[PDB]
Each structure stands twice: as structure tokens, then as C-alpha cells.
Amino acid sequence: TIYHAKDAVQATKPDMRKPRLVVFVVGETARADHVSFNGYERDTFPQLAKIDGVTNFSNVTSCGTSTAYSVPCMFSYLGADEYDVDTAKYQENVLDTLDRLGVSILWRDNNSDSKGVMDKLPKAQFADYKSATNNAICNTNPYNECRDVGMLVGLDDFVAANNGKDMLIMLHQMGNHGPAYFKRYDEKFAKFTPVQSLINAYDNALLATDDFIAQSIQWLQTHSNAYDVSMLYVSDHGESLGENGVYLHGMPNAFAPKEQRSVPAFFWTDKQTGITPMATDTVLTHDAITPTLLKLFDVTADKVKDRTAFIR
């Protein structure tokens, strides 16, 4: 219904330059201040720390404090100041734009769903990875809960099916959603014990996300010969863990504590892509996601031209 980027155009197409392949990990309930890179006293991201090419952003603010509110905003043209959750799904979003310009879009979801973001695109481009019908990694724990790494299975098939095209893959993580954080990770990540126990479980869940992001990057690396590959991670909101008597998330922005809106963001790219990240301490928000995705595929749109991205 409401358009934002009818003028959008891709400056270069994949027939005259290397095609581009991006994984966008849409994170869940992760707090910036529980990231080792941001000064946390526990090493919650030990695998990512060993990977060259990873930029950590230390000053990122979410649009809101819930999945329902934040996720459509992350893909919106409006920005946090203008965003309206009720009317979001009736507006053209950045995936609509990229799809129209020929970028192959895939959304795998181990969270809930895309909160309206994928609704205008063909049903076949969204896939529910919360069920063992699609996810091959579900029986590794007492709860039979499907794991985020299951979303990486068979992604080569998608690349093959779309070979030579630009591709953007969204992987919507279960991540750190609670309150039962101890359910969110398999036993091999139960590092911080006992499961304060609530904090420990929270940090163990971050370890499993560290693992998932690291494996996402490794998967991308295997395609770097044929594709310009990059990985963007941003959490949809943080989490209160008892500060001032506040717990969980979803607090209205007017009263939301810092903990619920201070989120981690990472960017990784292969050396050959020529993509340059912004400074780690750039003042950033969820508003930066749409311009970042457009830039990664060499797309310009009038509405977002003044906007700061995660990359130059």
C-alpha cells in the first residue's frame, strides 16, 4: 500500500561484477553489556573473538523492546522516530525493495515469524525452522527444542538454486529469549554454573549464539570464491535482569531502561569485498539496518540517502 522506495535502483548488476551473498542474523533478546567485546567480565563470544574481519559496534540502540515491535522497524524505511507498529505491514519495506530489484530473499525462522516483514513476498521464501519438519537439529536436548544452527543446514541448496544472483538470507534466531534461558542452549554450552543462576543461563545462551554466528561466517567463507560475502548481526532488543525490579522486555519506550534497548551488532566481511565498516563507536540505531542492506547490494533510494549505515 504505502511505498517508500519506488525510485530505487541497483547501480551495478551481478552480470557485470561478482554476485553478493549476505547473511543477516536477526538476533533476539541479547544485551550489549553482556558482550565480551563491550567490556563484559565473561567471555561470552570466544569463537567470534578468533575470527578476523569482525567489527563490533559498541553504541547501538534498538527501535523498541519487543520482537513484535522491533523486527518490522528494523526492516522499515521510517526510522524509530516515525515508526508505527500498527501500520508497518502495509508499507513497502527494504526486503520488498531488494526483491523487486532482483535480489533473492530467503527468511528462515526459529523464533516466531517475520512479524509481517515477509508477508508481501511469496510464501515459499519464508520457512518455519521451529519444527522438526524443516529443522534437522531438534533432538539434541530434553525439550526437543529446535536449534538456530539447524537453519544453516542445506543453505548450499539455496545458493545453487539462485547461482549467479545476489542473495540476502535472514536467519531469525531464538537466541536469548526467556524467561527459561536454560532451555535455549544445549549442554555443551553450559559453561557458567549453577543454572545468579538466571544470569548464568543467560550467558550460556550467548555462548550458543556466538557459536551460531561463527558457523554462519564459516559457511559464508566457503562461498567467497564466487560471491562477495558479508554477515550482519543485530539484536532486536535487550533484556532486563532485575535492575530496579524490572525483568524481561517489552517495556514501553517511554519507560524502558537502557538494558532493554542497548543491543549488540556485529559486521563481518571477506577481505576482497572492499566493504568498509563504520567506526566501532559510531552512534547507531536500528535505523542503520535498511541503509546497510541497500548499500550492500549497491542500491540507492532517495528516502534513505541522508542516513547513517553500519558500513561506508
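Think of the rigid core as the biggest set of C-alphas that the two forms share within 1.5 Å after superposition. In case it trips you up, residue 1 is the first one in the sequence shown, and so on.
- Taking the root mean square of CA deviations in 8 other deposited structures of this protein after fitting on the rigid core, 205-213 and 139-147 differ, and the farther of the two is 139-147.
- A chain break between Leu155 and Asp156 is not present, all residues of the deposited sequence in that interval being modelled.
- In this entry, the higher average B-factor at the C-alpha atoms falls on 82-90, of the pair 110-118 and 82-90.
- Taking the PDB entry as given, 269-277 carries the higher mean Cα B factor of the two stretches 66-74 and 269-277.
- In the PDB entry, the Cα temperature factor peaks, among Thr193, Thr209, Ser216, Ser235, at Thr193.
- Between the residues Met170, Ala201, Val149, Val103, the entry's highest C-alpha temperature factor is the one at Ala201.
- Among the modelled residues of its chain, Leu220 has a C-alpha B-factor that falls in the lowest third, as given in the PDB entry.
- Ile2: CA B factor in the highest third of modelled residues in this chain (values from the PDB entry).
- For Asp15, the recorded CA B-factor ranks within the highest third of the chain. Only modelled residues enter the ranking.
- When all modelled residues of the chain are sorted by CA temperature factor, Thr282 is found within the highest third.
- Residue-level temperature factors show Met251 in the middle third of its chain, judged at the C-alpha atom.
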